[PDB]
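Read the structure below first, then the notes.
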Amino acid sequence: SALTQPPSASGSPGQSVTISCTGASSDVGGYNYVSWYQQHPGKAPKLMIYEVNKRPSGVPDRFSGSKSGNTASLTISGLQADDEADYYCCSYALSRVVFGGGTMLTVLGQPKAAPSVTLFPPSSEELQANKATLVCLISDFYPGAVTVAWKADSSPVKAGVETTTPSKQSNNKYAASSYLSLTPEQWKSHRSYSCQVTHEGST
Amino acid sequence: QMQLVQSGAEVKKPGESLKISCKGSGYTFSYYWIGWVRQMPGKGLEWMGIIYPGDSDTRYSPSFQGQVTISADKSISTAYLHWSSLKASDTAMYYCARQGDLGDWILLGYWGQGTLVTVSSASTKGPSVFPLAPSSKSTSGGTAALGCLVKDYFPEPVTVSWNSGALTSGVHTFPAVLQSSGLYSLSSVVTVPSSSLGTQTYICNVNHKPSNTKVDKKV
Amino acid sequence: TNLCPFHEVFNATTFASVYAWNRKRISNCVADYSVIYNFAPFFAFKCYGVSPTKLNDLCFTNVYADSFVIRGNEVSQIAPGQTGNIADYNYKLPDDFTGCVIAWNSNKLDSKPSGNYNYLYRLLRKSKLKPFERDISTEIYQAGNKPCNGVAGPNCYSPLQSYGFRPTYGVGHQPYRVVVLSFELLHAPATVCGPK
């Protein structure tokens with residue numbers, strides 16, 4: 001069968017949090033064929049818990065596990081900034097491992113920061129060429145959620161636009177970038193365009 | 001010491017064959033089950049199968065029975081994953097794992113560095129660099145932001161430096177965006193005082209190994 | 001109608017020990033025993049009351065499946081009228097047994113180069129075990145006269161000995177997974193009749 005996990009979990013530093021996993025199957029040997037893996041962004045997972053009443057060496061005692069029926073729980077006693085990772089549960093009873101959708105663990109305490117905006121007009125060189133592109137850069141915002149809206153002289157425009165939402169670096173804050181592609185004549189047909197960020201309010 | 005090393009990143013196109021590897025050392029590569037795991041961008045892990053290097057007994061997941069084959073060369077202590085007629089949906093990170101001295105036989109206690117496989121109909125294309133000059137209308141406000149625009153390059157790996165690697169302060173490179181055409185495009189900026197326009201040269205340095213294009217442009 | 005849970009015992013990751021052999025109740029199912037033939041060639045597929053190819057044509061009243069692992073050379077002890085450590089102390093089959101015995105090698109799953117110590121076989125016991133009994137007691141066996149007070153000593157040791165299964169061991173000490181299917185043949189109200 002397929003396992004289910006919460007899409008995301010939240011917890012402040014020092015406190016504890018729990019992650020549930022439903023759907024664990026069983027066989028004749030026993031019931032607990034449950035394991036938990038930790039995966040940081042950009043590297044392979046690591047076995048945190050196996051045989052939920054057990055755990056490997058090199059893993060702090062802060063990670064604990066349990067099982068009540070078809071529901072398994074991963075208990076983390078003390079939270080830290082280095083605990084943010086995707087936690088998956090694995091059921092390996094019927095000679096078949098099934099990974100859950102995973103849950104994102106985000107620790108609070110990070111202060112909110114507004115996004116910095118920098119709108120570059122079409123460069124002169126590309127203008128001499130037959131193409132033009134507006135670049136709206138976003139950075140310094142912690143909440144990884146933002147939607148960029150373009151407007152042409154107060155008129156909404158959504159022709160040829162793309163955006164992303166990555167994380168900058170160990171700084172623990174996010175950035176983003178959006179590109180508006182248009183023709184050189186379509187550019188000089190109106191005034192300088194505007195880039196709206198809408199982190200929580202306009203910018 | 002025990003460690004698993006996997007082949008480098010592979011970029012292919014649909015309808016082509018691929019055979020990635022994952023070499024294990026520091027342990028007996030005949031008594032441990034070796035397998036592969038799929039992780040698509042932003043999605044969870046998907047188990048594909050395992051094998052016993054001693055005698056080749058392959059256990060495939062029902063979702064990967066004939067879509068992929070797994071093999072091992074016990075003589076050189078290496079495991080393989082072979083594809084035939086790749087698809088756009090196969091683009092993902094592929095790991096290799098093995099059972100540890102503890103636990104059951106499919107516990108997968110040890111993992112690898114991870115192999116990135118990307119397949120897109122787009123072909124190689126060198127970038128066209130354009131200078132993001134600091135606003136002539138307002139060179140202050142958020143200071144003098146000088147930057148360069150990298151555009152129309154399919155292979156994502158691209159490194160942008162300023163002044164042969166100098167100016168590390170104030171520099172910030174933004175991850176690229178995958179346009180509808182399959183070609184990437186990113187930007188690199190550097191903030192300097194409004195009165196520091198053209199301090200030494202404020203020149204960009206762009207490198208694209210898949211095309212061997214060395215581009216340098218000032219502003 | 002409903003199918004049988006045979007996939008829970010044959011396609012499982014781990015089996016129980018010998019002293020704690022797990023019994024799986026089967027009822028209200030259509031048993032297609034052909035699903036067992038497609039597995040690895042068994043070291044022993046021996047039926048003592050019927051032929052293995054005739055099961056799909058018969059009805060059974062109460063069918064129970066037992067699972068455990070042994071060192072391989074002990075498979076000769078899993079049969080009616082046998083004697084030995086296993087037959088006498090862990091799993092005893094009656095002389096009137098009516099069923100099938102299934103055994104195959106598991107040196108790949110239930111063995112490690114470092115040694116898997118999760119399988120026990122109750123080396124010693126005070127009295128011989130009866131058919132279809134289970135002694136999961138882990139108390140200290142009193143071989144001497146002094147009452148053993150819960151601590152191993154010169155005259156009382158632990159009864160449970162662990163298997164040291166390792167791939168390097170030759171045939172005879174490797175782990176062999178054994179599945180014993182016991183069913184009543186008399187024509188009582190049936191619950192498993194097979195694919196018609």
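Identifiers in the structure tokens: chain A, B, ... in order shown; residue index from 1 per chain; ligand index from 1 in order shown.
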All residues 10 Å or closer to stretch 9-17 of chain A, only C-alpha atoms, same chain fewer than 3 positions away omitted, as number ranges by chain: A: 5-6, 62, 73-81, 83-84, 86-87, 103-110
Write out the residues from the selection above, keeping C-alpha atoms, as an mmCIF file, in the first residue's frame.
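File written: again.cif
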```cif
data_model
loop_
_atom_site.group_PDB
_atom_site.id
_atom_site.type_symbol
_atom_site.label_atom_id
_atom_site.label_comp_id
_atom_site.auth_asym_id
_atom_site.auth_seq_id
_atom_site.Cartn_x
_atom_site.Cartn_y
_atom_site.Cartn_z
ATOM 1 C CA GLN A 5 2.430 11.935 5.623
ATOM 2 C CA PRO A 6 1.533 15.560 6.370
ATOM 3 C CA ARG A 62 16.671 13.418 20.241
ATOM 4 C CA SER A 73 5.280 8.576 14.774
ATOM 5 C CA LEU A 74 8.679 10.289 14.630
ATOM 6 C CA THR A 75 9.378 12.293 17.794
ATOM 7 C CA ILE A 76 12.062 14.998 17.843
ATOM 8 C CA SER A 77 12.780 16.311 21.334
ATOM 9 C CA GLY A 78 15.042 19.314 20.765
ATOM 10 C CA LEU A 79 14.785 21.295 17.543
ATOM 11 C CA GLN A 80 17.679 23.122 15.913
ATOM 12 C CA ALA A 81 18.342 25.023 12.706
ATOM 13 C CA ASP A 83 16.934 19.887 11.594
ATOM 14 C CA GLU A 84 15.161 21.408 8.578
ATOM 15 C CA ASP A 86 12.336 16.282 4.364
ATOM 16 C CA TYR A 87 11.391 13.300 6.540
ATOM 17 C CA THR A 103 7.036 16.309 5.096
ATOM 18 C CA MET A 104 8.964 19.580 5.214
ATOM 19 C CA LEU A 105 10.205 20.501 8.697
ATOM 20 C CA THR A 106 10.649 24.262 9.100
ATOM 21 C CA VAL A 107 11.844 25.735 12.392
ATOM 22 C CA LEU A 108 10.454 29.113 13.421
ATOM 23 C CA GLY A 109 12.346 32.020 14.976
ATOM 24 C CA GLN A 110 13.664 33.410 11.698
#
```
Please identify every residue of chain C that has at least one atom no more than 8 Å from any atom of chain A, counting only C-alpha atoms, and report them as a VMD selection string. chain C and resid 7 to 9 11 to 16 22 24 67
Take the residues just selected and output them with N, CA, C and O atoms as a PDB file, in the first residue's frame.
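Output file again_5.pdb follows:
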```pdb
ATOM      1  N   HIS C   7       0.392 -14.272   0.026  1.00  0.00           N
ATOM      2  CA  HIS C   7       1.435 -13.285  -0.230  1.00  0.00           C
ATOM      3  C   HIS C   7       2.010 -12.705   1.055  1.00  0.00           C
ATOM      4  O   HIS C   7       3.089 -12.105   1.019  1.00  0.00           O
ATOM      5  N   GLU C   8       1.322 -12.869   2.186  1.00  0.00           N
ATOM      6  CA  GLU C   8       1.816 -12.342   3.451  1.00  0.00           C
ATOM      7  C   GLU C   8       2.890 -13.220   4.075  1.00  0.00           C
ATOM      8  O   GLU C   8       3.668 -12.729   4.901  1.00  0.00           O
ATOM      9  N   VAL C   9       2.956 -14.498   3.704  1.00  0.00           N
ATOM     10  CA  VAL C   9       3.922 -15.415   4.280  1.00  0.00           C
ATOM     11  C   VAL C   9       5.070 -15.733   3.326  1.00  0.00           C
ATOM     12  O   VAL C   9       6.194 -15.962   3.789  1.00  0.00           O
ATOM     13  N   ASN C  11       5.943 -13.725   0.372  1.00  0.00           N
ATOM     14  CA  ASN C  11       6.573 -12.477  -0.044  1.00  0.00           C
ATOM     15  C   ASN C  11       6.918 -11.574   1.135  1.00  0.00           C
ATOM     16  O   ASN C  11       6.936 -10.345   0.988  1.00  0.00           O
ATOM     17  N   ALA C  12       7.192 -12.151   2.300  1.00  0.00           N
ATOM     18  CA  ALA C  12       7.530 -11.380   3.486  1.00  0.00           C
ATOM     19  C   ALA C  12       9.032 -11.131   3.561  1.00  0.00           C
ATOM     20  O   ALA C  12       9.836 -11.816   2.925  1.00  0.00           O
ATOM     21  N   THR C  13       9.404 -10.130   4.360  1.00  0.00           N
ATOM     22  CA  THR C  13      10.814  -9.792   4.531  1.00  0.00           C
ATOM     23  C   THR C  13      11.487 -10.706   5.547  1.00  0.00           C
ATOM     24  O   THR C  13      12.594 -11.198   5.311  1.00  0.00           O
ATOM     25  N   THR C  14      10.836 -10.937   6.683  1.00  0.00           N
ATOM     26  CA  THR C  14      11.421 -11.691   7.778  1.00  0.00           C
ATOM     27  C   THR C  14      10.425 -12.719   8.292  1.00  0.00           C
ATOM     28  O   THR C  14       9.211 -12.510   8.247  1.00  0.00           O
ATOM     29  N   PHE C  15      10.958 -13.837   8.772  1.00  0.00           N
ATOM     30  CA  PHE C  15      10.180 -14.880   9.417  1.00  0.00           C
ATOM     31  C   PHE C  15      10.469 -14.892  10.912  1.00  0.00           C
ATOM     32  O   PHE C  15      11.476 -14.354  11.379  1.00  0.00           O
ATOM     33  N   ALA C  16       9.567 -15.518  11.659  1.00  0.00           N
ATOM     34  CA  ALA C  16       9.748 -15.659  13.091  1.00  0.00           C
ATOM     35  C   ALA C  16      10.767 -16.756  13.391  1.00  0.00           C
ATOM     36  O   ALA C  16      11.145 -17.548  12.526  1.00  0.00           O
ATOM     37  N   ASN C  22       5.281 -18.559  14.062  1.00  0.00           N
ATOM     38  CA  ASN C  22       4.033 -17.828  13.903  1.00  0.00           C
ATOM     39  C   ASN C  22       3.048 -18.651  13.083  1.00  0.00           C
ATOM     40  O   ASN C  22       3.397 -19.168  12.017  1.00  0.00           O
ATOM     41  N   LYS C  24      -0.471 -18.671  10.972  1.00  0.00           N
ATOM     42  CA  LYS C  24      -1.304 -17.768  10.190  1.00  0.00           C
ATOM     43  C   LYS C  24      -2.611 -18.475   9.867  1.00  0.00           C
ATOM     44  O   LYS C  24      -2.611 -19.505   9.183  1.00  0.00           O
ATOM     45  N   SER C  67       5.421 -20.616  10.082  1.00  0.00           N
ATOM     46  CA  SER C  67       6.623 -20.057   9.479  1.00  0.00           C
ATOM     47  C   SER C  67       7.751 -20.023  10.497  1.00  0.00           C
ATOM     48  O   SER C  67       7.531 -19.717  11.673  1.00  0.00           O
TER      49      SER C  67
END
```
Can you build me a table of chain C residues sitting at most 12 Å from chain B, with the closest atom pair per residue and its distance in Å to one decimal, using only C-alpha atoms, sorted by chain and residue number, as a Markdown table?
```
| residue | atom | partner | partner_atom | distance |
| --- | --- | --- | --- | --- |
| C:11 | CA | B:59 | CA | 11.5 |
| C:12 | CA | B:106 | CA | 11.5 |
| C:13 | CA | B:104 | CA | 7.8 |
| C:14 | CA | B:104 | CA | 7.8 |
| C:15 | CA | B:104 | CA | 11.2 |
| C:40 | CA | B:57 | CA | 11.0 |
| C:106 | CA | B:105 | CA | 11.1 |
| C:107 | CA | B:31 | CA | 9.3 |
| C:108 | CA | B:31 | CA | 7.3 |
| C:109 | CA | B:105 | CA | 5.7 |
| C:110 | CA | B:105 | CA | 7.7 |
| C:111 | CA | B:105 | CA | 8.6 |
| C:112 | CA | B:101 | CA | 7.1 |
| C:113 | CA | B:31 | CA | 7.1 |
| C:114 | CA | B:101 | CA | 6.5 |
| C:115 | CA | B:101 | CA | 8.5 |
| C:116 | CA | B:102 | CA | 8.5 |
| C:117 | CA | B:102 | CA | 10.4 |
| C:118 | CA | B:103 | CA | 10.1 |
| C:166 | CA | B:31 | CA | 9.3 |
| C:167 | CA | B:31 | CA | 7.0 |
| C:168 | CA | B:31 | CA | 9.4 |
```
Dump as a tab-separated table (two decimals), in the first residue's frame, selection limited to N, CA and C atoms:
```
chain	number	residue	atom	x	y	z
C	11	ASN	N	5.94	-13.72	0.37
C	11	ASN	CA	6.57	-12.48	-0.04
C	11	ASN	C	6.92	-11.57	1.14
C	12	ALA	N	7.19	-12.15	2.30
C	12	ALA	CA	7.53	-11.38	3.49
C	12	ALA	C	9.03	-11.13	3.56
C	13	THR	N	9.40	-10.13	4.36
C	13	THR	CA	10.81	-9.79	4.53
C	13	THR	C	11.49	-10.71	5.55
C	14	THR	N	10.84	-10.94	6.68
C	14	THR	CA	11.42	-11.69	7.78
C	14	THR	C	10.43	-12.72	8.29
C	15	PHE	N	10.96	-13.84	8.77
C	15	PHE	CA	10.18	-14.88	9.42
C	15	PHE	C	10.47	-14.89	10.91
C	40	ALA	N	11.01	-19.82	-6.14
C	40	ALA	CA	12.27	-20.52	-6.37
C	40	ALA	C	12.06	-22.02	-6.20
C	106	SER	N	17.38	-19.14	2.08
C	106	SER	CA	17.26	-17.70	2.30
C	106	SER	C	18.59	-17.10	2.73
C	107	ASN	N	19.70	-17.64	2.22
C	107	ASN	CA	21.01	-17.12	2.57
C	107	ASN	C	21.20	-15.67	2.15
C	108	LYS	N	20.35	-15.16	1.26
C	108	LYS	CA	20.47	-13.78	0.82
C	108	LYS	C	19.74	-12.81	1.73
C	109	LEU	N	18.65	-13.26	2.35
C	109	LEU	CA	17.79	-12.40	3.16
C	109	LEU	C	18.07	-12.53	4.65
C	110	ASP	N	18.17	-13.76	5.15
C	110	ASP	CA	18.32	-14.02	6.58
C	110	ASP	C	19.76	-14.33	6.96
C	111	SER	N	20.73	-13.69	6.31
C	111	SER	CA	22.13	-13.92	6.62
C	111	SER	C	22.92	-12.65	6.31
C	112	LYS	N	23.98	-12.43	7.08
C	112	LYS	CA	24.83	-11.27	6.94
C	112	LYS	C	26.28	-11.69	7.12
C	113	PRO	N	27.22	-10.96	6.52
C	113	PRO	CA	28.64	-11.27	6.74
C	113	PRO	C	29.08	-11.05	8.18
C	114	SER	N	28.37	-10.22	8.93
C	114	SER	CA	28.68	-10.00	10.34
C	114	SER	C	27.95	-10.95	11.27
C	115	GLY	N	26.89	-11.60	10.79
C	115	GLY	CA	26.14	-12.53	11.60
C	115	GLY	C	24.80	-11.98	12.06
C	116	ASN	N	23.72	-12.65	11.70
C	116	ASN	CA	22.37	-12.26	12.09
C	116	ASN	C	21.98	-13.07	13.32
C	117	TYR	N	21.83	-12.40	14.46
C	117	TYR	CA	21.53	-13.04	15.73
C	117	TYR	C	20.08	-12.85	16.15
C	118	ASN	N	19.17	-12.75	15.17
C	118	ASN	CA	17.75	-12.57	15.44
C	118	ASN	C	16.96	-13.87	15.34
C	166	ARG	N	25.77	-16.73	8.17
C	166	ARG	CA	26.66	-15.90	7.38
C	166	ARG	C	26.77	-16.50	5.99
C	167	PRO	N	26.87	-15.67	4.94
C	167	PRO	CA	26.97	-16.22	3.59
C	167	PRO	C	28.15	-17.16	3.41
C	168	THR	N	29.21	-16.99	4.19
C	168	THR	CA	30.38	-17.85	4.05
C	168	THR	C	30.11	-19.28	4.48
```
Find the spatial neighbours of residue B:144, counting only C-alpha atoms, within a cut-off of 12 Å - ignore same-chain residues fewer than 2 positions away - and output them as a PyMOL selection string. (chain A and resi 118+120) or (chain B and resi 132-142+146-147+170+189-199+202+219)
How would the residues just chosen look if you wrote them out with N, CA, C and O atoms as an mmCIF file, in the first residue's frame?
```
data_model
loop_
_atom_site.group_PDB
_atom_site.id
_atom_site.type_symbol
_atom_site.label_atom_id
_atom_site.label_comp_id
_atom_site.auth_asym_id
_atom_site.auth_seq_id
_atom_site.Cartn_x
_atom_site.Cartn_y
_atom_site.Cartn_z
ATOM 1 N N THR A 118 14.955 45.053 -7.734
ATOM 2 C CA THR A 118 15.857 45.730 -8.656
ATOM 3 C C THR A 118 15.403 45.417 -10.071
ATOM 4 O O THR A 118 15.535 44.277 -10.527
ATOM 5 N N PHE A 120 15.876 46.041 -13.974
ATOM 6 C CA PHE A 120 16.810 46.509 -14.991
ATOM 7 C C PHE A 120 16.089 46.687 -16.317
ATOM 8 O O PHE A 120 15.344 45.788 -16.731
ATOM 9 N N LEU B 132 23.628 44.383 -17.816
ATOM 10 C CA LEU B 132 22.594 45.097 -17.071
ATOM 11 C C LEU B 132 23.236 46.346 -16.477
ATOM 12 O O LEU B 132 23.610 46.404 -15.303
ATOM 13 N N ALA B 133 23.336 47.424 -17.269
ATOM 14 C CA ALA B 133 23.947 48.671 -16.784
ATOM 15 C C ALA B 133 23.228 49.250 -15.557
ATOM 16 O O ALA B 133 22.012 49.084 -15.427
ATOM 17 N N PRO B 134 23.964 49.965 -14.668
ATOM 18 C CA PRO B 134 23.240 50.578 -13.547
ATOM 19 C C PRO B 134 22.306 51.667 -14.042
ATOM 20 O O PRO B 134 22.663 52.365 -14.993
ATOM 21 N N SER B 135 21.106 51.804 -13.460
ATOM 22 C CA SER B 135 20.127 52.763 -13.980
ATOM 23 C C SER B 135 20.713 54.148 -14.156
ATOM 24 O O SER B 135 21.153 54.751 -13.191
ATOM 25 N N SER B 136 20.720 54.663 -15.380
ATOM 26 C CA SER B 136 21.185 56.022 -15.616
ATOM 27 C C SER B 136 20.229 57.013 -14.985
ATOM 28 O O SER B 136 20.644 58.102 -14.589
ATOM 29 N N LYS B 137 18.960 56.636 -14.865
ATOM 30 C CA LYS B 137 17.944 57.533 -14.325
ATOM 31 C C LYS B 137 18.077 57.659 -12.822
ATOM 32 O O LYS B 137 17.814 58.733 -12.279
ATOM 33 N N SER B 138 18.485 56.576 -12.165
ATOM 34 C CA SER B 138 18.638 56.577 -10.712
ATOM 35 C C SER B 138 19.779 55.657 -10.321
ATOM 36 O O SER B 138 19.565 54.481 -10.032
ATOM 37 N N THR B 139 20.996 56.190 -10.294
ATOM 38 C CA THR B 139 22.157 55.380 -9.937
ATOM 39 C C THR B 139 22.302 55.227 -8.434
ATOM 40 O O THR B 139 23.211 54.550 -7.967
ATOM 41 N N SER B 140 21.419 55.859 -7.670
ATOM 42 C CA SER B 140 21.439 55.704 -6.225
ATOM 43 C C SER B 140 20.279 54.811 -5.820
ATOM 44 O O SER B 140 20.027 53.798 -6.473
ATOM 45 N N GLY B 141 19.560 55.181 -4.764
ATOM 46 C CA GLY B 141 18.467 54.353 -4.279
ATOM 47 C C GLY B 141 19.040 53.082 -3.704
ATOM 48 O O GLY B 141 19.514 53.080 -2.569
ATOM 49 N N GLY B 142 19.023 51.998 -4.474
ATOM 50 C CA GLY B 142 19.655 50.768 -4.027
ATOM 51 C C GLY B 142 21.065 50.760 -4.577
ATOM 52 O O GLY B 142 21.482 49.743 -5.137
ATOM 53 N N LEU B 146 25.351 46.926 -10.721
ATOM 54 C CA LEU B 146 25.839 46.550 -12.037
ATOM 55 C C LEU B 146 25.628 45.058 -12.157
ATOM 56 O O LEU B 146 25.824 44.346 -11.200
ATOM 57 N N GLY B 147 25.227 44.580 -13.325
ATOM 58 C CA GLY B 147 25.007 43.159 -13.524
ATOM 59 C C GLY B 147 25.096 42.797 -14.988
ATOM 60 O O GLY B 147 25.155 43.661 -15.866
ATOM 61 N N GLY B 170 29.423 41.866 -2.404
ATOM 62 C CA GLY B 170 28.299 42.432 -3.115
ATOM 63 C C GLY B 170 27.777 41.597 -4.262
ATOM 64 O O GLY B 170 26.685 41.887 -4.768
ATOM 65 N N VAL B 189 24.445 40.159 -10.395
ATOM 66 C CA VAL B 189 24.522 41.578 -10.081
ATOM 67 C C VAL B 189 25.556 41.794 -8.985
ATOM 68 O O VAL B 189 25.963 40.863 -8.286
ATOM 69 N N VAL B 190 25.976 43.046 -8.846
ATOM 70 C CA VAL B 190 26.924 43.446 -7.812
ATOM 71 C C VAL B 190 26.630 44.890 -7.433
ATOM 72 O O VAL B 190 26.576 45.769 -8.298
ATOM 73 N N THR B 191 26.435 45.131 -6.140
ATOM 74 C CA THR B 191 26.106 46.459 -5.642
ATOM 75 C C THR B 191 27.375 47.176 -5.201
ATOM 76 O O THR B 191 28.173 46.629 -4.434
ATOM 77 N N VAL B 192 27.551 48.400 -5.687
ATOM 78 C CA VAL B 192 28.711 49.220 -5.345
ATOM 79 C C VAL B 192 28.240 50.650 -5.109
ATOM 80 O O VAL B 192 27.106 50.994 -5.473
ATOM 81 N N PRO B 193 29.061 51.509 -4.506
ATOM 82 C CA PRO B 193 28.626 52.887 -4.258
ATOM 83 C C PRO B 193 28.214 53.590 -5.543
ATOM 84 O O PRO B 193 28.745 53.324 -6.623
ATOM 85 N N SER B 194 27.251 54.502 -5.408
ATOM 86 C CA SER B 194 26.762 55.238 -6.569
ATOM 87 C C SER B 194 27.875 56.032 -7.239
ATOM 88 O O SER B 194 27.867 56.196 -8.465
ATOM 89 N N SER B 195 28.830 56.534 -6.461
ATOM 90 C CA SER B 195 29.936 57.311 -7.001
ATOM 91 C C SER B 195 31.093 56.446 -7.485
ATOM 92 O O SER B 195 32.074 56.987 -8.007
ATOM 93 N N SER B 196 31.004 55.128 -7.329
ATOM 94 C CA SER B 196 32.075 54.220 -7.711
ATOM 95 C C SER B 196 31.906 53.668 -9.121
ATOM 96 O O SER B 196 32.504 52.637 -9.442
ATOM 97 N N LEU B 197 31.111 54.325 -9.962
ATOM 98 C CA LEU B 197 30.869 53.830 -11.311
ATOM 99 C C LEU B 197 32.183 53.620 -12.048
ATOM 100 O O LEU B 197 33.012 54.529 -12.143
ATOM 101 N N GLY B 198 32.366 52.412 -12.574
ATOM 102 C CA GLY B 198 33.591 52.063 -13.263
ATOM 103 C C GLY B 198 34.808 52.220 -12.378
ATOM 104 O O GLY B 198 35.728 52.974 -12.708
ATOM 105 N N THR B 199 34.824 51.519 -11.244
ATOM 106 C CA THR B 199 35.929 51.647 -10.304
ATOM 107 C C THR B 199 37.233 51.214 -10.957
ATOM 108 O O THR B 199 38.113 52.047 -11.199
ATOM 109 N N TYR B 202 34.679 46.984 -13.771
ATOM 110 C CA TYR B 202 33.364 46.365 -13.617
ATOM 111 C C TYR B 202 33.013 45.536 -14.852
ATOM 112 O O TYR B 202 32.074 45.828 -15.594
ATOM 113 N N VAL B 219 30.788 47.166 -18.717
ATOM 114 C CA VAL B 219 29.642 48.060 -18.750
ATOM 115 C C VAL B 219 29.881 49.256 -17.837
ATOM 116 O O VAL B 219 30.689 49.194 -16.912
#
```
Neighbour list for residue A:114 as number ranges by chain, cut-off 9 Å, only C-alpha atoms, skip fewer than 5 positions in-chain: A: 139-142, 199-200
Calculate how many Å separate atom CA of residue C:87 from atom CA of residue C:185, rounding to one decimal.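 Computing it gives 23.7 Å between the two atoms.
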So how far away is atom CA of residue A:35 from atom CA of residue A:23, in Å? 13.0 Å
Taking only C-alpha atoms into account, find every residue of chain A that has an atom no more than 9 Å from chain B, and write it out as number ranges by chain. A: 33, 35, 43-47, 50-51, 56, 86, 88, 90, 92, 95-102, 116-126, 135, 137, 161-168, 175-179
Using only C-alpha atoms, which protein or nucleic acid residues come within 7 Å of residue C:178? Drop anything in the same chain fewer than 3 positions from it, and give the result as an mmCIF file with N, CA and C atoms, in the first residue's frame.
```cif
data_model
loop_
_atom_site.group_PDB
_atom_site.id
_atom_site.type_symbol
_atom_site.label_atom_id
_atom_site.label_comp_id
_atom_site.auth_asym_id
_atom_site.auth_seq_id
_atom_site.Cartn_x
_atom_site.Cartn_y
_atom_site.Cartn_z
ATOM 1 N N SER C 67 5.421 -20.616 10.082
ATOM 2 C CA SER C 67 6.623 -20.057 9.479
ATOM 3 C C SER C 67 7.751 -20.023 10.497
ATOM 4 N N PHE C 68 8.960 -20.334 10.038
ATOM 5 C CA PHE C 68 10.152 -20.288 10.877
ATOM 6 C C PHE C 68 11.367 -20.548 9.996
ATOM 7 N N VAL C 69 12.548 -20.360 10.580
ATOM 8 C CA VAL C 69 13.818 -20.517 9.879
ATOM 9 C C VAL C 69 14.721 -21.432 10.693
ATOM 10 N N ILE C 102 7.104 -26.875 2.978
ATOM 11 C CA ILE C 102 7.746 -26.065 1.950
ATOM 12 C C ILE C 102 8.989 -25.438 2.560
ATOM 13 N N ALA C 103 10.143 -25.682 1.943
ATOM 14 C CA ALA C 103 11.413 -25.175 2.444
ATOM 15 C C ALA C 103 12.262 -24.692 1.279
ATOM 16 N N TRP C 104 12.846 -23.504 1.428
ATOM 17 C CA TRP C 104 13.742 -22.951 0.426
ATOM 18 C C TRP C 104 14.842 -22.165 1.123
#
```
Hey, what's within 7 Å of residue B:119 if we count only C-alpha atoms and toss same-chain stuff fewer than 4 positions away? As number ranges by chain, please? B: 11-14, 88, 91
Show me, as a PyMOL selection string, the residues that have an atom within 12 Å of stretch 187-193 of chain C when counting only C-alpha atoms, minus same-chain residues fewer than 2 positions from it. chain C and resi 1-5+25-33+54-64+183-185+195-196
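Interatomic distance, atom CA of residue B:166 against atom CA of residue B:127: 22.0 Å.
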Could you pull out the strand (DSSP E) residues of stretch 74-168 of chain A from DSSP and send them as a ChimeraX atom specification? /A:74-76,86-91,98-99,103-107,116-120,132-141,149-152,155-157,161-163
Which one is closest to residue A:147: A:197, A:170, A:112, A:187? Count only C-alpha atoms.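 Looking only at the distances to residue A:147, the closest residue turns out to be A:197.
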Pick out each residue of chain B that DSSP on the backbone tags as helix (DSSP H, G or I); I need them as a list in words. residues 62, 63, 64, 88, 89, 90, 194, 195 and 196 of chain B
